[PDB]
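Note sheet for the following structure.
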Amino acid sequence: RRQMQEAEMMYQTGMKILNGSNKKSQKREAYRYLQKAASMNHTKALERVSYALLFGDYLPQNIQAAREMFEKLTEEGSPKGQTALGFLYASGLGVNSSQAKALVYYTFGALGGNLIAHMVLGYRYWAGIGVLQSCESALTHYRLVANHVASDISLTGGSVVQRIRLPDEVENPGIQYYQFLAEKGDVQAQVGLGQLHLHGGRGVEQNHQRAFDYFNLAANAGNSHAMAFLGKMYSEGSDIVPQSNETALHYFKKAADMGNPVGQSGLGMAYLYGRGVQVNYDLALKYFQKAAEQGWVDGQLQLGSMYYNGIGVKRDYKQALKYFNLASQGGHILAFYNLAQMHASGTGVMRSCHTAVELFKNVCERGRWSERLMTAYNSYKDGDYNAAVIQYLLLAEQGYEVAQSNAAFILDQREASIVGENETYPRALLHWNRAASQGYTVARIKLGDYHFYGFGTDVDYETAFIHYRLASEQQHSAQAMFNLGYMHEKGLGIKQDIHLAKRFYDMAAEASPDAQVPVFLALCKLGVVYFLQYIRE
Amino acid sequence: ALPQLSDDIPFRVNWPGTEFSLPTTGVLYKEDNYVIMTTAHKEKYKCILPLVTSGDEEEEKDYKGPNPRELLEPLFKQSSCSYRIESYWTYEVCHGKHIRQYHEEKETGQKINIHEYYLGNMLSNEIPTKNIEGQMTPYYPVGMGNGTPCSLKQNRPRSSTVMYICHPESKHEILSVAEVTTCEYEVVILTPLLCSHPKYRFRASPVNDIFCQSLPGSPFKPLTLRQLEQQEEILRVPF
Amino acid sequence: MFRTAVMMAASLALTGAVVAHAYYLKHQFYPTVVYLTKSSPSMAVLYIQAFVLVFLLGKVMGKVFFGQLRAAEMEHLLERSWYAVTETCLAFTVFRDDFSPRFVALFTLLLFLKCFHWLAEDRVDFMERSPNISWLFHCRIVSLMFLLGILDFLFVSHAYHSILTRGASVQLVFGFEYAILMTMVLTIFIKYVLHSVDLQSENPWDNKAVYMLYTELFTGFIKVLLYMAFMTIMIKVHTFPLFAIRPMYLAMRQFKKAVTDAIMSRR
Amino acid sequence: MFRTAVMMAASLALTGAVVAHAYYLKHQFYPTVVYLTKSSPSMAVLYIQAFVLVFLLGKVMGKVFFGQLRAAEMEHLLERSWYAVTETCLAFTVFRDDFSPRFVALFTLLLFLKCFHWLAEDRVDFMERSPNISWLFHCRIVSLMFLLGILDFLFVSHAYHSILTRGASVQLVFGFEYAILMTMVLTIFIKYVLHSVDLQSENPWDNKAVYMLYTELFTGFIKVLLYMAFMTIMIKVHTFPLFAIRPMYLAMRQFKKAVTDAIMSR
Ligand SMILES: *[C@@H]1O[C@H](CO)[C@@H](O)[C@H](O[C@@H]2O[C@H](CO)[C@@H](O[C@H]3O[C@H](CO[C@H]4O[C@H](CO[C@H]5O[C@H](CO)[C@@H](O)[C@H](O)[C@@H]5O)[C@@H](O)[C@H](O[C@@H]5O[C@H](CO)[C@@H](O)[C@H](O)[C@@H]5O)[C@@H]4O)[C@@H](O[C@@H]4O[C@H](CO)[C@@H](O)[C@H](O)[C@@H]4O)[C@H](O)[C@@H]3O)[C@H](O)[C@H]2NC(C)=O)[C@H]1NC(C)=O
Ligand SMILES: *[C@@H]1O[C@H](CO)[C@@H](O)[C@H](O)[C@H]1NC(C)=O
Ligand SMILES: *[C@@H]1O[C@H](CO)[C@@H](O)[C@H](O)[C@H]1NC(C)=O
Ligand SMILES: *[C@@H]1O[C@H](CO)[C@@H](O)[C@H](O)[C@H]1NC(C)=O
Ligand SMILES: *[C@@H]1O[C@H](CO)[C@@H](O)[C@H](O)[C@H]1NC(C)=O
């Protein structure tokens, strides 16, 4: 009993250090206290450090003690220890890869309340991976996740993380000067750095205190965007900036008066929600109308929720779905969630499964677990290929399309040594196959290459021809019809015909400006063979 | 195994309870293939895992119905036949009579001519199968030639083949048109009239269902699952 | 020739060191050739191998037409090559047509014919000063003018058809230069015909000076008209004329000398 | 001289007509200057007038420094100017530093300095090739060399300061050209000192050839180092070098021949 009091104190000493310091050395000394509680069988410490051991993140990677600490977590009945043991049994990391066992662990992870076992089961029922493909099983599991994401981190949290593809970064590669430009007094540079500090992104960590000083510097300059952003910081509130409607609404009222679209949305929203002012339904709709007219993302979704719920305007679901479908193309999560809640319920639009689940999939793929794309990407750059594929194999399991290709790309180049050389080509074909059926083109060509060369399969020219054709008639990749021409001039998997080969060769010429050169040398070789046939005649 | 067991084998988690008997027909089950599982509410369950066989053809195929051409007789006699629209061309297959491919020539509201090109006029114990998108699928072939003559093939007539593939949600529509050789064609038709044939029907992998028996003392099915099934039946039927 | 051999073999081991570099990152046909034509260090070597296979080709095509240089054509060509290389790079970047495979090859093909047409002109001037002329040398001089005449008219008409097809572009400037070289071949053929006419006659040709003076007078007015219209067209164009400049002044200086010589002969 | 005066009068008349056209619809001096700066034909006329005035000033400076043309140095300077105008146009177009009047004057000054350096080298060679020499010509040559060296040093210092303060631009190429001109001026000063030492004695100097060979070898080494540095700067630069090209080969051919001659002499 005395160990339990010490272990809980040891966990809280590390948990306080973990939240307050973002340094890599400081985070790893936070996990030095969590690991001590793990040896004392502290429950909530075992969840945090076994995922750290498994993913090679904040601790040195070792699957064997990660798995051993998962089996201690399963007998207790943890929701997060049952889920990640399912991920091991699905990918065969230290175990013999039984999909029958991985479904049992996932189904008990989802009953336990986890939202990764709910995403994975919502993606397996949606794509028919290990189970029967089914709407209604994949809609119940993608809702409980999307209910959490939309309620918790809508804008109370918020995780706008870039989804960077390694194969695209190879084919075409993609802060101090910006900080120095803002140091010279530029209001636009300060607002750009302030947006990159209040929200974060592009490899820059969030800094609420630094964003407040940068926004106030541009606020004195009189920038319209900075004036609304300064009011928004005082409104929502934080540790650095206290929450107060009164000063925030007055500044937003001044911004909405002159020209601010961001100011117009906030001034209407403060009046609509009655944050420090009287509720004015007609004034809010009129103010947010110009916010929709100017093209504000947060204003278009704000007006639709007034008509979908019938607050101020008549319940015109045709007009309500007009705003939400407009805001969805701008990239707003609450537009995606509210659109999918209309399709699934059957109000406004007909009760459609399939449009709901692809809309519930995009709101689910922007949760708190999506930042592990960056941790998997940063571990790829730093030469940790064992810890960059594990964090990419979990997100590949969850249903991501970028992580079903980046995990397959790392396994394709034989870089990741956690899986054997004797298994890595079947494991890379598995995620090329999953990514190709999610509207990705390189994964459709690379599905053709694996059956062309026998990369993990028996060499099958007929199946390679199909995957090259499927990347031509739908996605129109220029390499997909150049490769289609080669199989027609050489007779691999199909009866040879030179006339079709030319057809499919010059199809690449009109489909991309990059194919003008390699079709020129290929048509000339085709012509020389044509010249060779007429000689022997 | 690599090619079939990659991810195509469906599993189902079922809860028959403490008083249950393992099935002796279909899939093979072993008493040593098992995992003990405990919920967060301290409800202990025993899940008996299945050995994946999913093999053979012992489905007792007994088909006393008519031939596959008998069902397509109503399709040909109806003469309500499908179209297909592409980038520039438009093939039109017509069931049992003719196959046509054309694009109507159009000037600035002036020209009314047509690129006229015929495709063909329709004047073994193993059913052939076609790899549709990498998955094997049976079909019924019918050949029709004597179309518009091929300029690039020694003035020989154009020959075509028509492929019927069962699809219960389709309405006799053209799936995809391709060429094997020049002036040699195949068209896959998704129609549900011949779905009644067991061999032509949509092949389904057998579900390797999992018995998660209740260890003595626990309820028949976990409590958080039971609350989950209740909400979904509530969310579904109003919707 | 051996010094050119060490230039060719060390170049072919640089082209094959950048192709075989690209068939290490992208192991197929299409992603290799696409990579080679996008990365500029890889595209630089292939341009080097193009010119190293052009000068070597030029050293071969200069052997069929002429047996060897006469120790003054090489000095004359190299002086004109410096002006031609400076002028060709001047008109390319000024026209804003970008460094493209279609633009670089077309421009360098003009200098391939311009140097071959300039070498025959020095041979044409040496033809009158050489009393010993064989049958084979006459046939080769006839052969070079026929290929120059056909290619000049073919490049003139195709560029003129491109003017009606698209409009004002860089092809009008290159077509105008080929038209100036078109009359250069005809003047060279006229001088070759005039010298061969004087070669057959075993007496001094009194009308040779009158025919030569009238030929340059015809060339001077044709060059002036082809340059004045080009300057007026480039005046009303998006960019300034710039480009040749000196070749028009060299033609005008030769035309002024030819005009003064005809006035002195007439008076 | 009559043709030059007639051309200058015609250029002045054209400039006056352009000025009248500018101050015929814009009464204010500021609006007239703005219209002149915003008009392509007025700018072209002003550039032509400036070029004519610069040619007249260069002719006056050449008449002040050199007594008369040598009938071959004039042709050499004409060929050098014909090459240099094309080289300057190619450098201006290739560098993509935008067409402005602030760099045309600097380019003209650099061309005039290069022509003056070539004329000074030709005058030194002619003085070495002539037995009759006057003290006035020597004093004028010394004054011209001192003025050219001072101007080259000032331009090199200004270009170095601009490169260190601003960054990478055409000022780096201007500084490299100024350094090449300074090296040429130092070599010409050494050659003039050797010629003055040799002309003071009424006998052939056997060590004059060895000293000239050593000076030529040092100048070739300095030119090779400068050319290698300029080529490395162009390779590290984003833009293509183009530019002179021919002067690098001439320096390399002279340095290789002099080293072979020195090895043959030794
Ligand atoms: C945008 O607009 C449309 C739709 O929005 C896009 O599809 C279009 O992309 C391309 O645009 C052009 C211009 O409209 C389309 O028309 C072109 O096709 C004309 C018709 O030719 C096609 O079909 C013939 C028929 O051949 C055999 O076909 C089968 C056997 O396979 C037999 O059943 C049949 O009986 C024939 O025997 C093809 O031969 C032809 O292919 C051509 O042949 C060469 C090899 O020699 C191939 O490499 C090329 O693919 C080539 O196109 C076409 O598939 C063609 O016009 C013909 O020739 C002359 C030139 O126009 C005409 O004067 C003749 O009257 C004759 O019609 C020519 O290709 C047209 O340009 C084109 O089909 C379309 N898509 C493609 C690439 O197929 C977009 N562009 C625009 C602005 O329209
Ligand atoms: C509980 O903690 C002890 C520490 O003494 C250690 O043996 C192990 O972590 C746990 N014991 C078990 C699981 O029997
Ligand atoms: C599962 O993998 C472990 C790894 O050591 C092995 O010991 C065990 O026999 C495997 N179980 C099988 C193959 O059924
Ligand atoms: C706005 O005022 C209301 C009471 O009028 C208060 O409950 C609310 O917390 C205020 N808003 C914020 C962000 O504090
Ligand atoms: C593993 O690789 C070996 C060769 O290294 C070969 O027997 C085969 O590819 C694989 N064998 C097994 C049993 O996995």
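Take the stretch C:190-208 and flag every residue that is within 15 Å of C:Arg129 (Cβ to Cβ) and either out of contact with any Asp or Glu (no Cβ under 9 Å at 6 or more places or on another chain) or of a type in the set (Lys, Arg) (or both).
Going through the stretch C:190-208, the residues within 15 Å of C:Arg129 (Cβ to Cβ) turn out to be C:191-192, C:194-196, C:198-199, C:204-205, C:208.
Hits for the stretch C:190-208 are C:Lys191, C:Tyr192, C:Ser196, C:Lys208.
Is it true that A:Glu6 is farther than 30 Å from B:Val207 by Cβ, away from ligand 5 (no atom under 16 Å from the Cβ) and within 14 Å of another protein chain (Cβ to nearest Cβ)?
Judged against the criteria, A:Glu6 is not a match.
Can you tell me which of (1) farther than 23 Å from B:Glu86 by Cα; (2) out of contact with any helix residue (DSSP H, G or I) (no Cβ under 9 Å at 6 or more places or on another chain) is the one B:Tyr140 doesn't meet?
Among (1) farther than 23 Å from B:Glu86 by Cα; (2) out of contact with any helix residue (DSSP H, G or I) (no Cβ under 9 Å at 6 or more places or on another chain), the lone unmet condition for B:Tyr140 is (2).
Would you confirm whether or not the stretch D:191-209 contains a residue that is within 14 Å of chain C (Cβ to nearest Cβ), within 20 Å of the chain's Cα centre (by Cα), assigned to a helix (DSSP H, G or I) and surrounded by 12 or more Cβ atoms within 10 Å (Cβ to Cβ)?
No; the residues of the stretch D:191-209 include none that is within 14 Å of chain C (Cβ to nearest Cβ), within 20 Å of the chain's Cα centre (by Cα), assigned to a helix (DSSP H, G or I) and surrounded by 12 or more Cβ atoms within 10 Å (Cβ to Cβ).
Just name the residue that is farthest from A:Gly399 (Cα to Cα) out of those in the stretch A:339-366 that are of a type in the set (S, T, N, Q) and surrounded by fewer than 18 Cβ atoms within 10 Å (Cβ to Cβ).
Residue satisfying both the conditions and the ranking: A:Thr347.
Take the stretch B:39-96 and flag every residue that is among the aromatic types (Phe, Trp, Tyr) and over 30 Å from A:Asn114 (Cβ atoms).
B:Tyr63, B:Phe76, B:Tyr83, B:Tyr88, B:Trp89, B:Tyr91
Quick check, is A:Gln404 of a type outside the set (A, V, I, L, M), crowded, with 20+ Cβ neighbours inside 10 Å and away from chain B (no Cβ under 13 Å)? Working first, answer last.
On the way: of a type outside the set (A, V, I, L, M): yes; crowded, with 20+ Cβ neighbours inside 10 Å: yes; away from chain B (no Cβ under 13 Å): no.
No.
From the set of residues in the stretch B:206-239 that are more than 9 Å from every other protein chain (Cβ to nearest Cβ) and touching a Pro at 6+ places or on another chain (Cβ under 9 Å), which is nearest to B:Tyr164 (Cα to Cα)?
My answer is B:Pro206.
Which of the following residues is within 16 Å of ligand 5 (Cβ to nearest atom) and surrounded by 23 or more Cβ atoms within 10 Å (Cβ to Cβ): A:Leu429, A:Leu394, A:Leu447?
That would be A:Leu429, the only listed residue that is within 16 Å of ligand 5 (Cβ to nearest atom) and surrounded by 23 or more Cβ atoms within 10 Å (Cβ to Cβ).
Out of the residues in the stretch A:70-90 that are among the aliphatic types (A, V, I, L, M), within 28 Å of the chain's Cα centre (by Cα) and within 11 Å of chain B (Cβ to nearest Cβ), state the one that is farthest from A:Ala117 (Cα to Cα).
A:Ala90
Mind listing just one residue for me: the one in the stretch A:481-537 that is under 22 Å from C:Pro101 (Cα atoms) and aromatic (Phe, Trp, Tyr) and, of those, farthest from ligand 2 (Cβ to nearest atom)?
So, considering only residues that are under 22 Å from C:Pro101 (Cα atoms) and aromatic (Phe, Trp, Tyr), the one farthest from ligand 2 (Cβ to nearest atom) is A:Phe520.
Filter the stretch B:35-64 for residues that are loosely packed, with under 15 Cβ neighbours inside 10 Å and in contact with a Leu (Cβ under 9 Å, 6 or more places away or on another chain); which is farthest from the other protein chains (Cβ to nearest Cβ)?
B:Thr53
From the set of residues in the stretch A:47-66 that are within 16 Å of ligand 3 (Cβ to nearest atom) and under 20 Å from A:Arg372 (Cα atoms), which is farthest from the other protein chains (Cβ to nearest Cβ)?
Among them, the one singled out is A:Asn62.
Scan the stretch D:82-95 and tell me whether some residue there is buried (at least 18 other Cβ atoms within 10 Å of the Cβ), aliphatic (A, V, I, L, M) and more than 14 Å from chain C (Cβ to nearest Cβ).
No, there is no match, as no residue in the stretch D:82-95 is buried (at least 18 other Cβ atoms within 10 Å of the Cβ), aliphatic (A, V, I, L, M) and more than 14 Å from chain C (Cβ to nearest Cβ).
Going residue by residue through the stretch B:164-184, is there one that turns out to be within 14 Å of chain A (Cβ to nearest Cβ) and under 14 Å from the mean Cα position of the chain (by Cα)?
Yes, the stretch B:164-184 has at least one match.
Provide a single number: the residues in the stretch C:129-144 that are of a type outside the set (A, V, I, L, M) and part of a helix (DSSP H, G or I).
Count: 7.
Of all residues in the stretch A:96-108, how many are more than 10 Å from chain B (Cβ to nearest Cβ) and either closer than 18 Å to B:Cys212 by Cβ or more than 16 Å from ligand 5 (Cβ to nearest atom) (or both)?
0
Return a yes/no flag: does the stretch A:359-366 have any residue that is in contact with an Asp or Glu (Cβ under 9 Å, 6 or more places away or on another chain), more than 16 Å from ligand 4 (Cβ to nearest atom) and of a type outside the set (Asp, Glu).
no
Could you grab me the full set of residues in the stretch C:98-113 that are part of a helix (DSSP H, G or I) and closer than 18 Å to D:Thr93 by Cβ?
C:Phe103, C:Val104, C:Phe107
Going by what's in this entry, would A:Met342 be described as within 14 Å of chain B (Cβ to nearest Cβ) and either part of a helix (DSSP H, G or I) or within 16 Å of ligand 2 (Cβ to nearest atom) (or both)? Write out each step before concluding.
Values: within 14 Å of chain B (Cβ to nearest Cβ): yes; either part of a helix (DSSP H, G or I) or within 16 Å of ligand 2 (Cβ to nearest atom) (or both): yes.
Spelling it out, A:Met342 is indeed within 14 Å of chain B (Cβ to nearest Cβ) and either part of a helix (DSSP H, G or I) or within 16 Å of ligand 2 (Cβ to nearest atom) (or both).
Being under 17 Å from the mean Cα position of the chain (by Cα) and not charged (D, E, K, R) is the filter here; which residues of the stretch A:410-435 pass it?
A:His431, A:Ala435
Looking at the stretch A:118-156, which of its residues are of a type in the set (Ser, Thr, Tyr) and in contact with a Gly (Cβ under 9 Å, 6 or more places away or on another chain)?
Hits for the stretch A:118-156 are A:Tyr123, A:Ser134, A:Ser137, A:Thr140, A:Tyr142.
Given the criterion in the same structural domain as C:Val185 (by TED's automatic domain parsing) and surrounded by 17 or more Cβ atoms within 10 Å (Cβ to Cβ), identify the matching residue among C:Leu113, C:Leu136.
Matching residue, one of C:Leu113, C:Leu136: C:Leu113.
Ideal geometry is used to build each Cβ from the backbone, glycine not excepted, and the neighbour counts take in all protein chains shown. All of this is worked out from the model, or read from it or from the source named; none is laboratory data.
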